[PDB]
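Shown below, as structure tokens, is a lone chain in the form deposited in one PDB entry; questions about how it binds or moves come after it.
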């Protein structure tokens, strides 16, 4: 994290982790679209010609005030696709909370597994334990006809019972509720 007693502001880093085309940038775009122009910064998206995230998406939220503190939440999304691992692992610099965006398509349940595993590897290499970090999981793409059932998707991705939220990113369903969950967890009085 980062406290600023003299400035009276709190800064936290949240990272959306997930395989390719699983909806991280979509989460952030929807968030930016429905946030008052007063409490949000510009949405930066280091993307390629194809619209896939090339380094990261970054979105600040000058959100409300804690016990008088300013509170600023820094949303990040990684490149996700496999061959950008080099860059992906960099986004977890001073990560304070994680959101795992799982693609609920059946074809990409394997890639979901691989991406969660890459997540654990990269956090450990960064000096973080996935079970120790505040982290939430999202089951994106709940609008598809053959989207894997929520239960059978938890069995494969959520053995430890961390908060799960079903979402349809483009529409925004589940998006802000996911962000709220991650934020409430990140706010550590411990």
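Positions refer to the first chain, counted from 1. Definition used throughout: the rigid core is the maximal C-alpha set that superposes within 1.5 Å between two forms.
Legend: mean Cα B-factor per stretch from the PDB entry, 68 to 76 versus 114 to 122; the higher mean is in 68 to 76.
Averaged over their C-alpha atoms, the temperature factors of 7 to 15 and 20 to 28 are higher for 7 to 15. Across the options 136, 43, 54, 61, the residue with the most elevated CA B-factor in the record is 61. Per-chain ranking of the deposited C-alpha B factor places residue 47 in the lowest third. Among the modelled residues of the chain, residue 109 sits in the highest third by CA temperature factor in this PDB entry. For residue 141, the recorded CA B-factor ranks within the lowest third of the chain. Only modelled residues enter the ranking.
Not on display, but discussed next: the form deposited in another entry.
Core-superposed comparison between the shown form and the other one: among 158, 29, 126, 62, the single residue whose C-alpha moves by 2 Å or more is 62. After superposition on the rigid core, the Cα of residue 142 moves by less than 2 Å between the shown form and the other one. Relative to the superposed rigid core, the position of the CA of residue 177 differs between the shown form and the other one by less than 2 Å. Between residue 134 and residue 65, the Cα distance is smaller in that other deposited form than in this structure, by no less than 3 angstroms.
Compared with the form shown here, the C-alpha atoms of residue 64 and residue 183 sit at least 3 Å closer together in that other deposited form.
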